[PDB]
Amino acid sequence: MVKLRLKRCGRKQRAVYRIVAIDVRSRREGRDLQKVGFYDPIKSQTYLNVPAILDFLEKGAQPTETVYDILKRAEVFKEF
Amino acid sequence: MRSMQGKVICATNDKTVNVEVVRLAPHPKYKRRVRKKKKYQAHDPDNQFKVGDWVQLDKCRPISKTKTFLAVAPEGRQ
Amino acid sequence: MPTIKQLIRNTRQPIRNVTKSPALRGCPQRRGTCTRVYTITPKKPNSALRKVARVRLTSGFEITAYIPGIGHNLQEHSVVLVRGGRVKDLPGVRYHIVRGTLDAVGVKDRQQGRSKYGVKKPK
Amino acid sequence: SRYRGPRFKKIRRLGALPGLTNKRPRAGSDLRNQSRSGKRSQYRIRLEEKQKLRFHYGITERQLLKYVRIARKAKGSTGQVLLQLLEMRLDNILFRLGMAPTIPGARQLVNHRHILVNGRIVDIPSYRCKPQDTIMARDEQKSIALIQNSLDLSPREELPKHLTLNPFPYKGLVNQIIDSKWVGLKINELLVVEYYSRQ
RNA sequence: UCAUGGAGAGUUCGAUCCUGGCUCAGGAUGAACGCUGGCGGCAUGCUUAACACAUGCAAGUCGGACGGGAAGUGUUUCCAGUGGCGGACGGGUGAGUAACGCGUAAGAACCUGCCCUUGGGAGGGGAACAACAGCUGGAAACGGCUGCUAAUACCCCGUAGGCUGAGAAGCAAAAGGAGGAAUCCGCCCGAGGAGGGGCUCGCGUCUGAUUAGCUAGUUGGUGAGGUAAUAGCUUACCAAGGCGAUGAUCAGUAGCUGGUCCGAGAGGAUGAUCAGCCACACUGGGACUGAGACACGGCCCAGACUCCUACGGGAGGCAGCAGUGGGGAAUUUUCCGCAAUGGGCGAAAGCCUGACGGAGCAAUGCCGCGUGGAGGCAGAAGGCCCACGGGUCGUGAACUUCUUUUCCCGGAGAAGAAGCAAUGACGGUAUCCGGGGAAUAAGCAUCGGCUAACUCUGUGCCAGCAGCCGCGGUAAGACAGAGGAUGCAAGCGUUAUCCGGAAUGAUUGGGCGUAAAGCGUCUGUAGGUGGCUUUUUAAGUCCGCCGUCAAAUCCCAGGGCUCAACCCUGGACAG
């Protein structure tokens, strides 16, 4: 399926990452149905948009490694 | 979408009618309302359309190369 | 020309900005091969001996190009680098030759405006 | 660049550039030839309002095109907003607070990294200040009293209403963006604005 | 309130008004060349020959599917082979393609391994094929008999909410592995969904009439086949249709679009990097497997070309990354790393990624910064010019102090890396602290009008300049030099391409008595526009709501890099 994954969105030596739920066959910087999330590893926030991640994980788009690790920081996981 | 109402041109083919469809269109650079005609092949198993009647085209499964519509009847609210 | 039908046929179109250099036809300046290094005269109001090199280009044309500056090294079958720009006085000369580039030396002893003539700094 | 050059030339040509590069008036031993006789084209007049602006703030002219594009880009009197984006320039403020005698003095005084702003150091003269800021010295500048020399010889002219100079704790802050009346230099905004219409 | 936008000038003539053309002032380049050249941040880097390509690398993985063997001496690491997925993604180029290829908007006739949800099932047998051993052919590339072997590999029987058929009837499947177990990964048959594809259609999609007819599987219909699915997709027969002067057919050009640039605006030109879709992979043509290709680094054939050969034969596709050669005015390093991110495989460990993350060179561009700050008797040395009085270079320098962005010499020193720890190519980079020291750092155009800047010496229709007008035949504000000035600034100029100016293709916005221009006049087809009142539908029109026009860009407002460039978050008018 769809695989919720980051994409690099920034300058050189910056690493401002989006969390996009695109199809896994696409290149890493493509297009999404809905670009759900944010991750700034230098130091800043991470907007998550919980209902849409629950929509796609409720559908069954498995995430990658560190997207899943961000999803294990917060308490997003509910099986409903 | 909409149907495409228009006159029947010539029905000398079984289950098949040519239909002129008249369409107003704004010409792009100059702002008038130019008509463009485009004629189609529609399907009818009943083939109950003579020359000169006017029908409404609705999209269906393609029947031949050109025959991709079947036309039934307009509503007729005058 | 009414808005109706003499003009949603077409007005007309102007052609282009017509090319002011029919050679050089890719882009700005192009390597040349000297064929003649003769000298012609301008039209009637002027009076000079202007020294032009008729030059074959790498494009596929052959064209008579002007040689700027005072001194010139250009003998038969040398290599130059022509550029655009119309010398008015000479009928037919459409082009210039860059000085200081390949096998066409800079002008002798010039100390005002050297970048147009390919002479490095003195002093 | 800086232009770093002969500068009474620019004062004789452009008229007296106020404060910038001198408090001394020009031609103390000079001007005894060269009648203008009254012929000056209008393009020379608008050009001299360019360089009356450009030398008085020490800008690169390409950067002045940049400030005009931002000045058009903002909403309002572009003749005034150009003299808001060139007043809240940092070394113009350090000039205006008397932290340096001249504007090359303030530009060099901020190149060698002697200014903290809100407690953080700013190494660049083209920094645009904001309302409610904080402009101080460096911690070594209570041992390096160059700023105190400038504040010693300065206080003939006081301050315009954005500034607030604190005497010994050396802090200057701007309450709000400077008003046109507030702008120190005397020139016509329309003349400069019209000149850049061509681009 | 809205408004954030619109400049002229030269040249026809003894002069004037006007038409009209040319030329310039403004931006932008993926740019090129010349002169000059300190640093930093972020981008960009064959536009030409889709032209050949040396060398290395660019796609693997799984021993927890299976059999063997080969190092290590119960224990583990490997391995060619059979299998499983991945090689259809990612990367590159724009030759073709004027067409549902693209863009946008609807639709029904379909498929879909991996991915979630869900209903049921896995008994019984059996034959080999690699590997391997032997013989043997070849220089190699590869083989060829003889035997033998295992499986999630193949075959058969039974069983099936599936299929065929009107029913009658029949038909169809399985695979084990890991673990002590627990259980987990699987497998087979179904049923949905998401995503991905395959089709169809409305509308938009370059020029040329000095290209006017085209089309006979052509356009329909049926029957037979065929496709995952509709279909002249294909075939036999019947019908004569179908397209076109609103440009068919032919010829030529061109990847397309979010966008970029310009313009006041309407819109004009254009499609590099960024991103989506298409097509190609030496030139052609085929098919095979799989879910999915007619497959860039797969197979087979033909053609051309290069290499090897022991002369019989083989091998090959850089428009992957670096690189060489040619062409060109012109476009870089045969670099480091999987640390992140994203892929592929695996139960995990991990492995592989020239994608990507970085680094190097180049002022190729955009932005920021410096080459000193303050004082400097108004006295001297000098250049140039002068009615020889002087002026101007010039506070400029010299000279006195202050400072160290940068520079040199030392110390420290990151985050980026993800809560088990460890895990960094970048790199001892960024940044900070200390010690000297004005030290290490300004050029290039122009100065007749547009167009800011001017005098002097030399030249004498010569040398030359020139964007247009035109200067140059002895005192040239136009050539050459000096001085001075101007504008710019690590850039400055020339050229080329595009838009503006240009209302010089005109809807906004032009004209036709004489300036370029009314057919010689008339009839009339197509087509265009059209009197008044009343009534009806709403196609146009207008208003509300809703869907969509990807993300990035532009606009507004915040936020982050010391600011800016750039990056990021949110929002939206238009249309």
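Here, each number is a calculation from the coordinates, and none is a lab measurement. Here the Cβ is made from the backbone with ideal geometry for all residues, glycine too, and neighbour counts use every protein chain on show.
Averaging sequence separations of C-alpha pairs under 8 Å and six or more residues apart, then dividing by the length of chain B, give the relative contact order as a whole percent. Write out the running numbers ahead of the final one.
Values: 159 pairs, mean separation 24.2, N = 78.
Rounded, it is 31 percent for chain B.
Hey, what D do you get for the protein assembly as shown in µm²/s if you plug the Kirkwood alpha-carbon radius into Stokes-Einstein at 25 °C and 0.890 mPa s? Walk me through the numbers on the way to the answer.
Values: Rh = 33.0 Å.
For these conditions, the coefficient is 74 µm²/s.
For chain A, calculate the relative contact order in percent as a whole number, restricting contacts to Cα pairs under 8 Å that are 6 or more residues apart.
On the way: 119 pairs, mean separation 22.8, N = 80.
Result for chain A is 28 percent.
Below 8 Å between Cα atoms, with a sequence gap of 6+, how large is the relative contact order for chain C in percent? Intermediate results must be reported in sequence, preceding the final value.
Values: 227 pairs, mean separation 25.8, N = 123.
The value is 21 percent.
With +1 assigned to the C-beta of every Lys and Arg and -1 to the C-beta of every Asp and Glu, and no other charges, what is the dipole magnitude of chain A about the Cα centre in debye, to the nearest 20?
Values: 18 positive and 10 negative charges, 123 e Å.
Using Cβ point charges on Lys, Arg, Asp and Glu, chain A gives about 600 debye.
If I take all pairs of Cα atoms in segment B:1-47, what percentage of them are more than 12 Å from each other?
Working: 720 of 1081 pairs.
Pairs farther apart than 12 Å: 67 percent.
Tell me the volume per residue, in Å³, of the convex hull enclosing the alpha carbons of segment C:2-123.
Working: hull volume 21.9 nm³, N = 122.
Given the Cα convex hull of segment C:2-123, per-residue volume reads 179 Å³.
Using a Gaussian network for chain A with springs between C-alpha atoms less than 10 Å apart, which of these wobbles most: A:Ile42, A:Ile22, A:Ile53?
A:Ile42
P(r) for chain A, please, calculated from all Cα pair distances in 5 Å bins and given in %.
Final binned percentages: 3, 15, 28, 27, 17, 8, 2, 0, 0.
Say the dipole of chain D comes from +1 at the beta carbon of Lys and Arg and -1 at that of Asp and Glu; which of D:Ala27, D:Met99, D:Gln42 then lies farthest toward its positive end?
Farthest towards the positive pole: D:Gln42.
Please build a GNM for chain A, connecting alpha carbons under 10 Å apart, and tell me which residue among A:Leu57, A:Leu33, A:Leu48 fluctuates the most.
Judging by the Gaussian network model, the answer is A:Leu33.
Straight distance only, please: which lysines reach the Cα of A:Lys12 with their own Cα at less than 21 Å, same-chain residues fewer than 8 apart left out?
A:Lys43
Using a Förster distance of 25 angstrom, determine the FRET efficiency expected from the C-beta separation of D:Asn149 and D:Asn22, and round it to 0.05.
The value I calculate is 0.90.
So which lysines can C:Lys43 reach, going by Cα to Cα under 21 Å and dropping same-chain residues fewer than 8 places off?
Output for C:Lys43: C:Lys20, C:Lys51, C:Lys88.
Could you calculate the contour length gain from C:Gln75 to C:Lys51, that is, 0.36 nm times the residue separation minus the distance between their Cα atoms, to one decimal place in nm?
Taking 0.36 nm per residue and subtracting the Cα distance, the gain is 7.4 nm.
Give the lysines reachable from D:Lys181 as a straight Cα distance under 27 Å; neighbours fewer than 8 places away on the same chain don't count.
Partners within reach: D:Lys10, D:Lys23, D:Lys50, D:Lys52, D:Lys66, D:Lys73, D:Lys75, D:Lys130, D:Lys161, D:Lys171.
Let me check I've understood the local charge: for C:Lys116, count other residues with C-beta under 10 angstrom from its C-beta, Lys and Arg +1, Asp and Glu -1. What total comes out?
On the way: positive: C:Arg99, C:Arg110, C:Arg114; negative: none.
That sum, taken over residues with Cβ under 10 Å, equals +3.
In a GNM of chain C with a 10 Å cut-off on Cα contacts, which of C:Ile67, C:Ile97, C:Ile15 has the highest mean-square fluctuation?
Per the Cα network of chain C with a 10 Å cutoff, C:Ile15 tops the list.
How big is the equivalent ellipsoid of segment D:121-199 along its three axes, where each semi-axis is √(5λ) from the Cα gyration tensor, reported in whole Å from largest to smallest? Could the numbers behind the result be given before it?
On the way: eigenvalues 183, 48, 35 Å².
Those come to 30, 16, 13 Å.
Could you state the number of Å between the C-alpha centres of segment D:124-194 and segment D:30-102?
What the calculation gives is 17 Å, centre to centre.
Would you calculate a helix-derived [θ] at 222 nm for chain A, using -39,500 (n - 2.57) for each DSSP H run of n ≥ 4 and dividing by the full residue count, to the nearest 500?
On the way: 2 runs with 19 residues, N = 80.
Taken over chain A, the calculation gives -7000 deg cm²/dmol.
What dipole magnitude, in Debye to the nearest 20, does segment D:87-183 give about its Cα centre under +1 on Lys/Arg Cβ and -1 on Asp/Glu Cβ? Please report the intermediate quantities before stating the final value.
Details: 13 positive and 10 negative charges, 35 e Å.
It comes to approximately 160 debye.
Work out the length of the dipole vector of the protein assembly as shown about its Cα centre, built from +1 on the beta-carbon of each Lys and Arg and -1 on the beta-carbon of each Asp and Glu, and round it to the nearest 20 debye. Could you put the intermediate results ahead of the total?
Numbers: 104 positive and 38 negative charges, 595 e Å.
The dipole magnitude comes to about 2860 debye.
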